[PDB]
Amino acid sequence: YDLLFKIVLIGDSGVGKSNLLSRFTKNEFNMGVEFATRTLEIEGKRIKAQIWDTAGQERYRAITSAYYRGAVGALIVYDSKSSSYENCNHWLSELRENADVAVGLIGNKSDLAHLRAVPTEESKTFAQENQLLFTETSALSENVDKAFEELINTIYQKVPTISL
């Protein structure tokens, strides 16, 4: 691989961030991993995507600034729960402060559409104005692979420490 994109997952606890990671990389589903990787080729270039997870640190707003260090891309994840959706406002402000970056928004758990709170209509409008792309996903329906890859395509347009 000739390019390495560090991308981070954010948003409220419970949404599905951990599962969206294990889906896109390991095609698995739980009912925790530090980070998982996946390589794609874009314009003949091998791109490793390093996708970091929160270790549950988002629960009481304890995400380290170091989590965003050198991150060239990021996904905000909401839930079935308008609470998380409204909280997506918070994580946007968090990210542009600590990162550098290309951002995308995802509405996970679309498989449970029979318990929907706040429709697709608003989520698209919310995304369209705020310059970040949208993709309604489900980790169990699955727009998982599309969402991650769509983000990776977009980052591709953008472009001595010592070991102990």
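Counting begins at 1, following the sequence as shown.
In terms of unmodelled positions of the deposited sequence, the stretch from residue 31 to residue 32 in this entry skips 4 to 9 residues. For the pair 58-66 and 101-109, the mean Cα B-factor is higher in 101-109. Comparing 115-123 with 43-51, the stretch with the higher mean C-alpha B-factor in the PDB entry is 115-123.
In the PDB entry, residue 20 places in the lowest third of its chain by CA B-factor. Among all modelled residues in this chain, the alpha-carbon of residue 10 has a temperature factor (C-alpha) in the lowest third.
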